[PDB]
Structures are given as structure tokens and as C-alpha cells.
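The chain that follows stands alone, in the form deposited without nicotinamide-adenine-dinucleotide, written as C-alpha cells.
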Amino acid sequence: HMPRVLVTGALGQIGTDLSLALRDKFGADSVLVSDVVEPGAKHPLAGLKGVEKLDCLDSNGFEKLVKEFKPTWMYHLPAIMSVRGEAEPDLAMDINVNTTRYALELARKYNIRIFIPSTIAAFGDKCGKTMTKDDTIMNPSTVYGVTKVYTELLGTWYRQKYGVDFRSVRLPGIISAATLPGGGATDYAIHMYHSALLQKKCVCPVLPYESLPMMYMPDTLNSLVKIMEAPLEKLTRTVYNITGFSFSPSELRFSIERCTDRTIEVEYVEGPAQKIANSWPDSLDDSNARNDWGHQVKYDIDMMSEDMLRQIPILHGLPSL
């Protein structure tokens, strides 16, 4: 008595862990996962069955896959995110605007319950940055943000017009031990944990007191399954803020140093992430999600740090303790 689940953009951070959690909960031939490239050699789902190559800009191949697999749920996860979007805006528009439109059409044509994530990047500096509401001014300063406002609104219209069961959350910063640190908006956090484990200098591009809403991956995974399991009648809206807890870089540093009893050498040197982060909320009001469908958080910042400092050596072979 269980869903058939298509995941697109499955090689991302969320897509990888979600795919594995869905397989474990619903069995692996109940779950098909896809992405535009094949899993890299050491990628967590390299070698596994029921992972496919699919360019979501190839609308025929996209429909062919939906036609053959017959999903009842789809997690449509491809996105060019905030930092990379500012370098490759053509691709962010193609992915985040065109493949969203195709995905919604397929959800309509094939009767699929469709999850498309939005993001705190859909907010900008007029949002009311403290305990930001579900409904407020949306003035995003990144093209990624701009495309996600459109995705929210387009999905919602599909719901009203065609009865497409469109569901979404605005993802906060998502922390996990699998992620590698580059230049993403909230990547300083993961760089910080690596710096602590390697006992090397951490140059942090987000300013020390710039708070953001954040969550640890297990809580995210839980809520992403849970919003899809809810019956439609419990949902008063299509798009929900969700949060775990807020922190700034100085607070994260504090949590890590507390667990290790070692001071991280940190220099706060503004980078591209700062100006973006500063346009985003400090914290979200996620009370609609709590009330309608039971969004819950088990991790606080210190439980998260304990788990991160234990996992990262295991998953990436950095030094432990």
C-alpha cells in the first residue's frame, strides 16, 4: 500500500540522502532516482540500481521516464542555487523556470503528487528578517531567488487551476556531513567543521554575527517525507517555511569549540556569501508547518555539532576527536 517515488536532481546533497531514505522506507523498486550526470565513482549511490541519466531540459525523455515508471510522488529537486546562479544565470533560468513548468505539466498529466522545494533565497531585505512569516514581501536579490518566487506561485496556480497536488517548503540552510565545502552561501559552516577536525585556519566569508535559519539533514529528511505523507485536507497552503534553529558563524564556532575543547583559528573575511546572506532572514516562523502537518526538529546546534564531528572523519577520512 505504498507510493511510487520519482526523484529528479538526485545527485545533489538533499537528493542523495533523500533517495537513500526513501529506498529504505519504501523499498528500492518503489523508488526511481535520476540526474543529468552519472554518480561519480565514490558517490554514495554509485553502483546502485534504479538510478538514471536524464536531462530534465529534454522534455520528451522526462515524460518517457514518467510514462514508464508511473510515479505517484515526485520530488523535483534540480536547481542552480544562489551563488552559482549569479555566475550561470542562463542555466538557473532554464533549470529553475523551464524544468519546473515541465514537471508541473507532467504532474498534471500523470496525476502525480509533486514536491518542488523553494528556499530562504526567495526572500530579500524587505521580508521582515526576524521570524519571517509564510506570507510577506518577496524581493529576492539573486536570480535563484527570483526563480523560486515564480516556482511557488506557478505551482500554487497549478493546484488551483488543475488540482495538481503541489507541495513545497522554503528550505533553510541545510547542514550534512556528506557535503563538501566550496563557495555555496552556507558552505562556511561545513568548512568550519573541517577546519576544526584538521586543526587548520578557517577563513570565513560570512560575518560573525550574520544569523541564518538552518537545519541538520536528518530533520530535513523527516520533514520532506512527512509533508508528502500528509493528507491533502490537512494542508492550508502549498508552500511552508520550515526551520530547525538559527545561528551565526560565531555561534557555530562556539558550538564546535565547546564539543572539541579546541579553539579554531578563524578569520572573518567577507566574501560573496555575505551580501547574499545579509539579504536573507535571520530566522523563520514555521508555525503553519508545525500545525498543519507536524514538522518537528530533534537536533539543536550542539547535537548537530557532536554528530558532524563524529561523521565527517568516517565519511571523508579527516582526523577524528
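Definition used throughout: the rigid core is the maximal C-alpha set that superposes within 1.5 Å between two forms. Heads up: residue numbers just count along the shown sequence, starting at 1. Shifts are known only where both forms have a C-alpha.
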- Could you check the entry and say whether 52 to 60 or 266 to 274 has the higher mean CA B-factor? 52 to 60
- Task: Read off the CA B-factors in the entry, average them over 280 to 288 and over 61 to 69, and name the higher stretch.
- Result: 61 to 69
- Note on the structure: Scanning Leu207, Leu235, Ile175, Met81 for peak Cα temperature factor in the entry gives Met81
- Task: Pull the Cα B-factor of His43 out of the PDB entry and bin it into the chain's lowest, middle or highest third.
- Result: highest
- Third of the chain, ranked by Cα B-factor, where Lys126 sits: lowest
- Compare the C-alpha B factor of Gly145 with those of the other modelled residues in its chain, then answer lowest, middle or highest third. lowest
- Assert third(CA B-factor, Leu154) within chain per record equals lowest
- Query: Which third of the chain does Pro181 land in by C-alpha B-factor: lowest, middle or highest?
  - Reply: highest
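Missing here is the form solved in complex with nicotinamide-adenine-dinucleotide; even so, the following discussion is about that form.
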- Looking at 158 to 166, 171 to 179, 243 to 251, 127 to 135, which lies within 4.5 angstroms of nicotinamide-adenine-dinucleotide in the deposited complex, counting heavy atoms? 171 to 179
- Message: Does any part of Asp35 reach within 4.5 Å of nicotinamide-adenine-dinucleotide in the deposited complex? Heavy atoms only, please.
- Response: yes
- Item | Residue contact check: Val31 to nicotinamide-adenine-dinucleotide in the deposited complex, 4.5 Å heavy atom | no
- Message: When the contact criterion is heavy atoms within 4.5 Å, does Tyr144 count as touching nicotinamide-adenine-dinucleotide in the deposited complex?
- Response: yes
- Message: Contact with nicotinamide-adenine-dinucleotide in the deposited complex for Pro71, defined as at least one heavy atom pair within 4.5 Å: yes or no?
- Response: no
- Could you spot which one of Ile14, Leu20, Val297, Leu309 gets a heavy atom to within 4.5 Å of nicotinamide-adenine-dinucleotide in the deposited complex? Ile14
- Task: Tell me, out of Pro117, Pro89, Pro218, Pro205, which residue has a non-hydrogen atom within 4.5 angstroms of nicotinamide-adenine-dinucleotide in the deposited complex.
- Result: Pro117
- Entry of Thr220, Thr179, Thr100, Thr142 that shows, once the rigid core is matched between this form and the one not shown, a C-alpha shift of 2 Å or more: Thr179
- Query: Taking the shown form as reference, are the C-alpha positions of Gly182 and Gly12 brought closer or pushed farther apart in the deposited complex, with a change of 3 Å or more?
  - Reply: closer
- For residues shared by both forms, which stretches of 3 or more shift their Cα by 2 Å or more between this form and the one not shown, once the core is superposed? 179 to 184
